[PDB]
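1. This block holds the first chain(s) of the complex, placed as they are in the complex; more will follow:
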Amino acid sequence: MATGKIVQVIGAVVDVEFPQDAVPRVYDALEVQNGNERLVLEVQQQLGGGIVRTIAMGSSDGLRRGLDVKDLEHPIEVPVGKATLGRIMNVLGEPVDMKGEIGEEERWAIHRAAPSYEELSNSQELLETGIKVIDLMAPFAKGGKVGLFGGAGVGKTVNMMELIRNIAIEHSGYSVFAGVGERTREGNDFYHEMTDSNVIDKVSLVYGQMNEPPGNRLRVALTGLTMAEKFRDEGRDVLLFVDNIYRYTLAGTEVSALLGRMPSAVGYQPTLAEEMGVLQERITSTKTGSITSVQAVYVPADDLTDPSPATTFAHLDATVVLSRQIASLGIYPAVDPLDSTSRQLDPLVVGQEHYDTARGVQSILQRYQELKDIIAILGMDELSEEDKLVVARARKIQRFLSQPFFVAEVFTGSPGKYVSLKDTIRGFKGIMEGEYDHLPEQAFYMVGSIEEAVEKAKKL
Amino acid sequence: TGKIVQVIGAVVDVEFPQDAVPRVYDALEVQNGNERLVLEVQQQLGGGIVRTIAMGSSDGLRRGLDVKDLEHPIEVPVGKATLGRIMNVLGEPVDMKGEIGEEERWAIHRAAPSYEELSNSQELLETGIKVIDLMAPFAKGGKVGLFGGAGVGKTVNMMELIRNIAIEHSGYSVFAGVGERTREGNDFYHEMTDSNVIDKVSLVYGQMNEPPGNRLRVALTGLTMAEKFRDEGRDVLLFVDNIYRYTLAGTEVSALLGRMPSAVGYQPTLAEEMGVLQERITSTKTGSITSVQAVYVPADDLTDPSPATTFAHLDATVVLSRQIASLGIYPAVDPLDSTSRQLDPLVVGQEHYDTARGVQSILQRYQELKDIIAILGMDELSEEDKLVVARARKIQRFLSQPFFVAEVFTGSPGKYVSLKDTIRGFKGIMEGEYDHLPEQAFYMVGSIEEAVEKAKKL
Amino acid sequence: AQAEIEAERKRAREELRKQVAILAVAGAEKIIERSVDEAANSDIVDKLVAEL
Amino acid sequence: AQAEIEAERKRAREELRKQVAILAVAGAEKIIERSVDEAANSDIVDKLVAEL
Amino acid sequence: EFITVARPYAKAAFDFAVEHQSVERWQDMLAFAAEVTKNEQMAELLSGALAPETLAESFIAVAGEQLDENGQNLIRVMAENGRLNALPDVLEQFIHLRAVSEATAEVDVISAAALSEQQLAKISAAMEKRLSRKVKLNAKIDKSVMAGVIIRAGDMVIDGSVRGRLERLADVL
């Protein structure tokens, strides 16, 4: 029987009054008929007597004051396990690929506590990406968390596509893709990319697109985490890709004002750090299984000061910062070496060879960033000859960090390149010393290995 | 019939029997001591309460005063009976002459003309000012806006536009003083009467001393008179003394009306309040209104919401810069920000368009060089960059001009310049015909002949 | 063309004066649901010519 | 110009529709109020309470 | 208006009156508590800054009829929260709750004439069929109705009038 009644509808937030002895628990699901369509509500707050404030998992349009609401005595539960592979699902775990019923054996609540302190692991096995700047400057480890920071239009999506192509096909294990707040076009293109390359059988996709109401976006990320946690607790090693962590926080901001909370900072909800931590602390590798995750992070107006990116910085292990200052020059991947960093970049993992190479590159680029200001007004003739040589070799290293990517074939009209870590280290050593002092700057731009930059120089 | 129940600043709440509640924008009336006060209805609250703005000083009002419900909005005299007379927001005569011989009264709240009625026109209207009709020329029946901060010459420029246009033009004119200096209204009134041009001009004055309701509604009063002359089929000139004061008088009352603040504390209705006023100032297939408006820019912030909203509503925009004015270049027009719908090769023709874009390009390049010049000095520049600077400085000086209303300030006779002389002069400067004259030769000269005659005596 | 259509306009007004009476009676009978042989056609014709 | 005149034609037609309809129902109000009958009023009630 | 803050008290009072089988007395008591609220001098006192308990005891002093320890305590509760001016709206919601509980509806019928009373028998039967409640009629004659009748029940209306039908057809431009 249905036992509650809608008493307000303001925007996406619905208030329901139940009898005072059967009030729904927090995060319980509720059900109502919005005409023909069934609608689900998630309980956020218990307030007053018998009244609960809820977020609609769907459009509020057509709701009336007075509609009977059924009390489902569980939170939102989603299908998990092998049945999800090759399927596209919405936030509620319903198929949206037309292929038919999921056919699950088990369903899990999307709300659950993080692993306890005793369960964590520190198995920092190095992982190669095949990308120059990432493998040198910000080396991955299996089971770690990676963040691709950047404002709009800097390369987060194609970088994540390149990483998917390289590791995810080679991984030999299941993968979960959470399209949090994603463009619908891009989800379609990714689905057909995975189907045509015939790897879709190993991946399960959860999509909450931009057009959907705030609740769907707010909880789709937790649905994806729940599937990844199901595969982890089996003992498998899984890859988790998140389209954009920022839009989860933004949906929280949308609902927060209507949930009666006073605002804080730059419009953000007061609970920003709590919500971020509660999501992020579930994405970890335990002693039973490992989750490796790549997360794209929107940076509003490239202001890395803004509370959402500034807050997410603390939760990651490797952080790659994509800068529009570099992207304006068209030199993709546009990774900033002076801002990107990783926990794995110390000699006890990387070895002294790799550590020394990376620190040398960082020092050279920092020095050049200082010299460039002198040049801009006083002119390069005013420098020391040592500083002139440093400027030259730094301006070469800057272009050598560029790499043509497979996935960007359409954009660059040229074939993409893959490079090993050993060859990358040798190339940067070669530029730091004299071996290539004589090549022009343009001979390095979007080349590939150092062994073919000489070839572009001969062509230039 | 009504009872006053609250008085908060300019806002008065009145209770009426629930079967008789006044409509929105109805005029109410209350006796305040030894005088009559009009209130205009803004909102209907619940339970027969109605919220109104006082068209006068609200001090001395008690609660519990009996209020009379007039059955109509504020209605003002219109037509030729208003010509040559000074009137208040309520349409009352404010000059010491007798009553206005009205034949008809119009409600000041009206709808804008329909899309079907609007008319296009491309007739360029000449002005005596070099920079305005070079950089931002405007047509008969269009809108012109003068944007500027405090004390940069909006009024002086508008007075030159009056002198030239509204005296070579033959039809009627309406001048609306909105929240500006009373001294300037009296000065304008007299110099109109001394010139015996007053009998072509209707003047409505809502100056700063007035309480907020008057400054709020006086602009609509002026528009109502201008619409009467337009609908008669005439060609009319409308001058608005400061449009910004209308939005500011909205801001002052908005909080007392119980409306949440927006943006920089503006009323949430800012765009609609400005739009409904601005859309009524339009030329029509029956008759044409030409409009010049001063637009005050608070704290010189051209990105403030009020100037920003005003920019979309105008056909020609002239932006006055304090930084130029402090050089003493008058009129202080910024040619890199001033712009017009009419600067288009089809309407102006190719020579004018090419000259304007050349001037614009050289001045932009000079802006690009000034940051180099500030640190290094000019000696580091290239020999072509030095020529760009040498010509840009002369262009900046040649945009200056003596005004007749500025005869009292400068002490030197005013100048009227034909458009052909402007195009010829700037084309000559950019082509380098005058590269041998000093900069001082170009400052405050009417025409290029006067520049060469000044150059002979340096 | 404006002059042409104005002449036809006054002609059409003369024609429609009759038709509007059929609107009056048909609307009265449809609105009152059943039919009614009302007598006082003076009111019909008074409106019919007066406002037109 | 010619297509303009054929647009103006429709603009002329619609206004006449509007005029005749409004003035006809203005006449019909007079006609119907003057033609009220108690049996017809009772038949309106007997209709609506039969469907209600 | 006080409706939203009056609802909780109205429910509590009706529930209590149901338990103690005193609904009728409570109605006649709330009528008096609402009527004292309307008096001039008492209204001035209610708008004052008296501490809750002093106001409550003065009000209870004027409200002598009130059943001690039940209605007077309701006054004390409302005086803690300063809702006494809501009493005209704490009443009438009590009446609404009573009418719902008694499954009874006032329904209104407006016509160009005094209806034939046989028509009213049919109308009352029809309303007791449309709504599963006993229906009290308090019909009216109205000049605005050209002919026919308007039936109004709660916030539902069934327009059978000639006026409404005309202005419904005149809409068909």
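-> Yep, it's here. Residues are numbered from 1 along each chain as shown, chains lettered A, B, ... in the order given.
2. residues in contact with the nearest residue to residue A:154 once chain neighbours are set aside?
-> The spatially closest residue to residue A:154, leaving aside those adjacent along the chain, is residue A:322, at 4.1 Å (Cβ to Cβ, 6 or more residues apart in numbering or on different chains). Where you see a C-beta, it was placed from the backbone N, CA and C, and this is true even at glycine. For residue A:322, the contacting residues are A:148, A:149, A:150, A:154, A:155, A:156, A:159, A:333, A:334, A:335, A:336, by Cβ atoms under 8 Å, 6 or more residues apart in numbering or on different chains.
3. got the phi/psi numbers for residue A:322?
-> Residue A:322 adopts backbone torsions of phi -90, psi 130, taken as degrees, to the nearest 10.
4. what bridges to it?
-> Residue A:322 has the following beta-bridge partners by DSSP bridges: residue A:335.
5. roughly how far apart are it and chain E?
-> Distance from residue A:322 to chain E, counting by Cβ to the nearest Cβ, to the nearest Å: 52 Å.
6. what's the answer for residue A:367, then?
-> Using Cβ to the nearest Cβ, residue A:367 is found at 69 Å from chain E.
7. Now do stretch A:90-108: everything it contacts.
-> Applying Cβ under 8 Å, 6+ apart, the contact partners of stretch A:90-108 are A:40, A:57, A:76-81, A:83-84, A:87-89, A:191, A:206-208, A:212, A:215-217, A:219-220, A:223, A:226, A:229-230.
8. And the residue of chain C that's closest to chain E?
-> Nearest to chain E in chain C, going by Cβ to the nearest Cβ, is residue C:31, at a distance of 5.4 Å.
9. In contact with residue A:214, which residues?
-> Per Cβ under 8 Å, 6+ apart, neighbours of residue A:214: A:12, A:55, A:251, A:254, A:255.
10. Also put chain F in, sequence below:
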Amino acid sequence: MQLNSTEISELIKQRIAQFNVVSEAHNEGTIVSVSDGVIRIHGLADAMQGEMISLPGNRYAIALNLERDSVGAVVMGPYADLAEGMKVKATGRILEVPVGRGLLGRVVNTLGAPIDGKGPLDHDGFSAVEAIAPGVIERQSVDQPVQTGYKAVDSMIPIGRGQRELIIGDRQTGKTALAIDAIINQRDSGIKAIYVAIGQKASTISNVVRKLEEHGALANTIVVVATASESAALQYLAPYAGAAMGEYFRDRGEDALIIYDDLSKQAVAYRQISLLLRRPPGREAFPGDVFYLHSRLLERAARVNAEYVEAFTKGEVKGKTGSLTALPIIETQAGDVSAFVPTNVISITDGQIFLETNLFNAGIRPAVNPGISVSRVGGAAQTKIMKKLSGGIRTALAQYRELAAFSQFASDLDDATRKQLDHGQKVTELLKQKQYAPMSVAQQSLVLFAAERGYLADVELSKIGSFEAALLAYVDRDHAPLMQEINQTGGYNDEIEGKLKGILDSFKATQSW
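-> Below is chain F, added to the chains above:
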């Protein structure tokens, strides 16, 4: 003419015959307050959110706040005549607009009532103003061109059929000019056009419609208007009415191009509505759900696969993919992209075109900044000839600007740097283009072939413009069959390169600039 008015008088007589006498039943409320276009209604227990509420006269309101004991609603029209105690009836209806092919060449308001005065509409029924976009499985990848006719945009920033491309910049930088040129160029491409005007002054709309009428574009275009005089509820809905009209073509295998003008003024009207309804302000005083507003507006523009079209048309149309392309316009105050509305719209769209004042004053018009401008869909949107040539242009030009900055005080210039700087200046000069002068595919391809094969290299810079004009005239008179081949196919081959090489060699020898 007017005898046909007697015939339509018979039509009025038959209105009575078609009318229905049955008494309906409806839910009722009373207006309890009126202020600034917002009304509070007591009653209406059965009102739904987003429902049309009907007022005295022929006026409507949209129910937005369904609070306890009151409904808050916004009036879609002049509100000042409404009064407290007026009865109000709740319909069952959501808002719908007329839609169909007859709308083309008409100017209509946000409710779809014609305002051009060209008589009543012809239309194919009504469609809901608020509607959900096609899901992931129902879309198809964007891989067809929509030609702008501008060298800069079509070369550097290609727009595909189904893309959302933001036009962003400060005031008076050419934002509207670009969009109406994009409309004008569709006069013969088969793509239908919709121009939505939010908050503009009506005479500006009349002028833009006049320009559309001087060219051949008006017959292919729907103009939807909500002027600055109209209520904030008639604004803020106009984009959705335009979107419904675009969707009619999208869901029948036809292409539509919709230009939302000043999405920012939609945001401003929505802020007015939200503050008058006392909803809590967020950042910069906008409500929090403004992102949801713009995102659900812009996610409707999509390319749908043939299966969805067949299902929608019930088999009447088979094998055809429909597309709706959106070109929203945003105004920045001082190039400040960090404002709330610009950040949201930049997050949503598939790219942006930055127009900026420094380039415009320098005479670079259209003032497209090659560095901060981008198109996510990419060469997939271009024809093969334009793809092949244009790939190099935009990144080469951006690095040209960097190199010029670094060079500004270097006196010795190495030959590689000198080549880059000279080429960058000549390409920068080449992309300037006059208003209302769109260029076909063959013309753009020819001029880019002149640039990328170095035929410009020796040509002195001011003469580059006359070089382009003379080359177009020469090729139009002498080599038109190749222009037809390129415009129709868009193909590119070794014989195409050879024929273009021969044409450039022959022009540069025989002709004069």
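11. once more on the contacts of residue A:214, with chain F this time?
-> Neighbouring residues of residue A:214 by Cβ under 8 Å, 6+ apart: A:12, A:55, A:251, A:254, A:255, F:289, F:292.
12. Same question for residue E:14.
-> If you count contacts by Cβ under 8 Å, 6+ apart, residue E:14 has them with E:23, E:26, E:94, E:97, E:98, E:101.
13. which one of the contacts of residue A:214 sits closest to chain B?
-> Looking across these and measuring by Cβ to the nearest Cβ, the closest to chain B is residue F:289, at 16.4 Å.
14. and that closest one, how many neighbours?
-> By other Cβ atoms under 10 Å in any protein chain shown, 23 other residues sit near residue F:289.
15. list the contacts for it?
-> Neighbour list for residue F:289: A:11, A:12, A:214, A:254 [criterion: Cβ under 8 Å, 6+ apart].
16. what's in contact with the helix or strand where residue F:467 lies?
-> In this structure, residue F:467 sits in helix F:463-478 according to DSSP states H and E. Helix F:463-478 is contacted from outside by F:426, F:429-430, F:432, F:442-443, F:446-447, F:450, F:456, F:459, F:482-483, F:503, F:507, F:511-513, using Cβ under 8 Å, 6+ apart.
17. Now, of those residues, which are buried?
-> Using 16 or more other Cβ atoms under 10 Å in any protein chain shown as the burial test, the contacts of helix F:463-478 include F:426, F:429-430, F:432, F:442-443, F:446-447, F:450, F:456, F:459, F:482-483, F:503, F:507, F:513 as buried.
18. And the strands in the stretch 351-500 of chain F?
-> Assignment of strands within the stretch 351-500 of chain F using DSSP state E, counting those that start in this stretch yields the ranges F:351-355, F:374-375.
19. just to revisit the earlier point, would you mark the buried spots in the helix holding residue F:467?
-> F:464, F:467, F:468, F:471, F:472, F:474, F:475.
20. What count of nearby residues applies to the residue in chain E that chain B sits nearest to?
-> Proximity to chain B, evaluated over chain E using Cβ to the nearest Cβ, is greatest for residue E:1 at 6.4 Å. By other Cβ under 10 Å, the residues close to residue E:1 number 13.
21. add chain G to what we have:
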Amino acid sequence: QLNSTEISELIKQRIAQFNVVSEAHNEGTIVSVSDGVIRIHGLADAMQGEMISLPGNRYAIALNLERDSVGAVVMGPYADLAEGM
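-> Adding chain G to the chains above:
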């Protein structure tokens, strides 16, 4: 005009016997749960910074002593708490 803990069954309790102070000051009931904060009715002897014991061997710190209720912050998982505890 808005409600401040004016809920039907508490009001009915007071109507029956206004002097509910007869019940012990030591205890109270949860009347709201949201975002880790709970509002408690009762606890007349609560004091600033006092530990309040919750079911499940949990605690909350009393931070707002208000004229009708105590606002307390839960020192652990809170999502299972319910009004009437």
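22. Take the contacts of stretch A:90-108 again, chain G included.
-> By Cβ under 8 Å, 6+ apart, stretch A:90-108 touches A:40, A:57, A:76-81, A:83-84, A:87-89, A:191, A:206-208, A:212, A:215-217, A:219-220, A:223, A:226, A:229-230, F:135-137.
23. How about residue A:206, nearest residue that isn't a chain neighbour?
-> Distance criterion Cβ to Cβ, 6+ apart; nearest residue to residue A:206, sequence neighbours excluded, is residue A:224 at 4.5 Å.
24. residues from chain E in reach of chain F?
-> E:3-4, E:152, E:154-160, E:165, E:169, E:171-172 (Cβ under 8 Å from any Cβ of the partner chain).
25. ok, which residues in chain E are in contact with chain D?
-> E:111-113, E:115-116, E:119, E:122-123, E:126-127, E:130, E:146-149, E:151, E:158, E:160, E:162, E:166, E:169-170, E:173.
26. mind running it again at 6 Å?
-> Contact residues (Cβ under 6 Å from any Cβ of the partner chain) of chain E with chain D: E:119, E:122, E:123, E:126, E:146, E:147, E:148, E:149, E:160, E:170.
27. Within range of chain G, give me the residues from chain A.
-> By the rule Cβ under 6 Å from any Cβ, the part of chain A lying against chain G is A:26, A:27, A:45, A:46, A:47, A:48, A:49.
28. one more time with 8 Å
-> A:20-21, A:23, A:25-27, A:44-49, A:53, A:111, A:113, A:261, A:271, A:274.
29. residue of chain A with the smallest distance to chain F?
-> Nearest to chain F, among the residues of chain A, is residue A:267, at 3.2 Å (Cβ to the nearest Cβ).
30. can you count the residues close to that residue?
-> If you count neighbours by other Cβ under 10 Å, residue A:267 ends up with 17.
31. contacting residues for the residue nearest to it when sequence neighbours are not counted?
-> Distances taken as Cβ to Cβ, 6+ apart put residue F:283 closest to residue A:267, at 3.2 Å, once the chain neighbours are dropped. Residues near residue F:283 by Cβ under 8 Å, 6+ apart: A:266, A:267, F:340.
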